[PDB]
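In: fold the stuff below for me.
(7 chains)
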Amino acid sequence: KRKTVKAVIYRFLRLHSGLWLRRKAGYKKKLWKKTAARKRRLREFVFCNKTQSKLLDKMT
Amino acid sequence: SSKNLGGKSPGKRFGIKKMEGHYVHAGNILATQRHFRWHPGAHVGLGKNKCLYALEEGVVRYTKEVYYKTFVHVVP
Amino acid sequence: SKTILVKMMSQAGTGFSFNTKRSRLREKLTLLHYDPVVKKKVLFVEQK
Amino acid sequence: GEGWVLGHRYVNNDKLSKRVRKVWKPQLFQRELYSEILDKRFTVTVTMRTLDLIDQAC
RNA sequence: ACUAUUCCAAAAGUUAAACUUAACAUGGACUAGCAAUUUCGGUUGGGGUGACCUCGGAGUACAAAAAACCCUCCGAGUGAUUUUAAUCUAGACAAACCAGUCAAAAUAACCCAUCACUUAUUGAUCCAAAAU
RNA sequence: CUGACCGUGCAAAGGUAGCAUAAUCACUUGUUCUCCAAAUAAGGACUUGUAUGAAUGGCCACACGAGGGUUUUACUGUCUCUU
RNA sequence: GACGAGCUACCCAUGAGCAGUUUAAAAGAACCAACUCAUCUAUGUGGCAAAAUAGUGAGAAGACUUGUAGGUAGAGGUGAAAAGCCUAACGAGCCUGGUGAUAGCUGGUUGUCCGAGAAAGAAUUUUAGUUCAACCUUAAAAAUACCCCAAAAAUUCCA
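Out: Residues are numbered from 1 along each chain as shown, chains lettered A, B, ... in the order given. Shown next is the protein structure:
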């Protein structure tokens, strides 16, 4: 049987409809010069593009 | 061999996104420009990057005025 | 002179802001800033 | 659990680095005892630490 | 790993009511001389040498975009003065991926801005730390 | 013309004997002399030795060499020039 | 992991060989046959021969030549030291096994008919390779799209 890639499983979330969800990058460091709004919107989630979502789907 | 040195700068695609007569929506980008080529008119907001946008739903219209200003208006 | 990165801490004991200062300056930065917890402006002092 | 124990050796004892197998052999010394049952003096080259247990086994 | 050391242990002695010695063999770390594994960029009017590698602005690139050359001018990895950017709901620009801009309006509490021509002036993962 | 001598900078100390266009000299086919009717080679000297040097030795040296070069004589199908 | 010093390199043990001539005592010097080497020239160039033959040349009592019995091997040995030799090619032998090592390269990939039909956007220890756009193809649906004049800012838009 196939082995799913854990690298995808940890940081991505698949819904029942097949929609993929990921966290916005850039919040980790160097926030001193960054606007609070930027960080605020980087703390939220975002849906992956269908092309890449399919690739992540094949790995799950 | 070349003493002089310079880099290349990717374009930010400055210009006018919408045209007169077109039906736009509130919050839509009208014209992205450097400094002021044109000025904001009625129902049109100004940005920090000097990019004009539409305040409310309506139609874009360009109007020139001489007292030498160019205003963009949105008519609901 | 140099550049020193510090934080602005309310008397509540938790810094809500992070800013910079000149190394030429010595005395800690003391500035009024809005506090979201108590929901009002409080005096903030410079901390590491 | 002493004779011929072959382990692995590391530098900082945290390895992102090379791991090199290392050999370990027990210490050998002479221990003279006396068996009254067999009426014979015996010589054991066996494990040192084990003798400490034998002393507690009497 | 091998050839020589510094210490604590194995093995022996010493005093008072905690300290000194190494003949053979064998250990734990440790200090030197020996040995063991690989790496050895790209762009390039061949290669090497030299130069260059990311970013911003003004021409090449005539009235919305974008567009190269080892074409051509200047600028940055910041500098300083005062007030201070609190929470989130629409809707758009740009965009292969990833990173970047504008923002009506609602609520809580008051009632960002100037220079370095205007913009530049930075860094995506995993791993560490003043402490959450 | 040259500089026994003097002054000065620098360095740990600044090439002594001897040798030298050399298995070393770029300029170079250095200049002069010998050798030849003609000598970028060879030999003998001169020395501004690009870039000799005293045990990675320096300078010479009888004898020795299937080593590397130069000049007369002798003798030859090497050659004129082949049969 | 093993096989190899019957080739060759060195060494151990045990044997053998090296005319003649001039000469003062001289296994002493020089010349010169055997034997041991391969200086030059020529021939030979799928050969007589995968190291030759002919002329010539060196050593030839010495650090000499040679028989037999032995020793030293590849994370090495040996080497009067050339990066040489170790069974005709050694910058590190050969055999077997790992092994169908790895090759983004190069050389290759077989019957018929029909429809449609590609030459460059940014990145990459990247340029002879990849990942999604710029295209394309199959099978279905919901839309509409273009050539686009004057209202306006070669075009960007729209009857």
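In: from the middle of its chain, how far away would the strand or helix carrying residue A:10 be?
Out: Assessed by DSSP states H and E, residue A:10 sits inside helix A:6-11. Averaging C-alpha positions (Cα atoms, centre = their mean, to the nearest Å) puts helix A:6-11 9 Å from its chain's average.
In: could you list the buried residues of the helix or strand just after that helix?
Out: Using DSSP H and E, the next helix or strand after helix A:6-11 towards the C-terminus is strand A:12-14. For strand A:12-14, burial by neighbour count (16 or more other Cβ atoms under 10 Å in any protein chain shown) applies to A:12, A:14. Just so you know, the C-beta spots here come from the backbone N, C-alpha and C atoms, and that holds for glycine as well.
In: from residue B:45, how far out is the residue of chain C found nearest chain A?
Out: Closest contact between chain C and chain A, by Cβ to the nearest Cβ, is at residue C:18 (5.1 Å). According to Cβ to Cβ, to the nearest Å, residue C:18 stands 31 Å off from residue B:45.
In: check residue A:37 too.
Out: On the measure of Cβ to Cβ, residue A:37 and residue B:45 end up 18 Å apart.
In: go on, residue D:21?
Out: 72 Å.
In: of these two, who's got more company?
Out: Using other Cβ atoms under 10 Å in any protein chain shown as the criterion, residue D:21 and residue B:45 rank with residue B:45 on top: 13 against 8.
In: next up, phi/psi of that one, please.
Out: phi -90, psi 160 (degrees, to the nearest 10).
In: neighbours of residue C:42, just the number please.
Out: 14.
In: in a helix, that's where it is, yeah?
Out: No. Residue C:42 is assigned strand when assessed by DSSP: H, G, I helix; E, B strand; the rest coil, not a helix.
In: wait, doesn't residue B:44 sit right on residue B:51?
Out: No. The pair residue B:44 / residue B:51 is not scored as a contact, 10.7 Å apart, by Cβ atoms under 8 Å.
In: does residue A:18 count as helix, strand or coil?
Out: Applying three-state DSSP: residue A:18 is coil.
In: check which helix or strand residue D:54 maps to.
Out: Assigning secondary structure by DSSP H and E places residue D:54 in helix D:48-57.
In: still on that earlier bit, overlap of the contact sets of residue B:44 and residue B:51?
Out: residue B:30 (Cβ atoms under 8 Å, 6 or more residues apart in numbering or on different chains).
In: what residue in chain D comes nearest to RNA strand E?
Out: residue D:27 (3.5 Å; Cβ to the nearest atom of the strand).
In: was I right about that residue contacting residue D:45?
Out: No. Checked against Cβ under 8 Å, the pair residue D:27 and residue D:45 is beyond contact range at 10.4 Å.
In: and the helix holding residue A:10, which residues are buried?
Out: Buried residues in helix A:6-11 (16+ other Cβ under 10 Å): residue A:8.
In: tell me which stretches of chain A form helices.
Out: Using DSSP state H, the helices assigned to chain A run over residues A:6-11, A:36-42, A:50-58.
In: for chain A, which residues are neighbours of RNA strand E?
Out: Taking Cβ under 7 Å from any atom of the strand as the contact definition, chain A meets RNA strand E at A:24-26, A:28-30, A:33, A:35-38, A:40, A:48-49, A:51-52.
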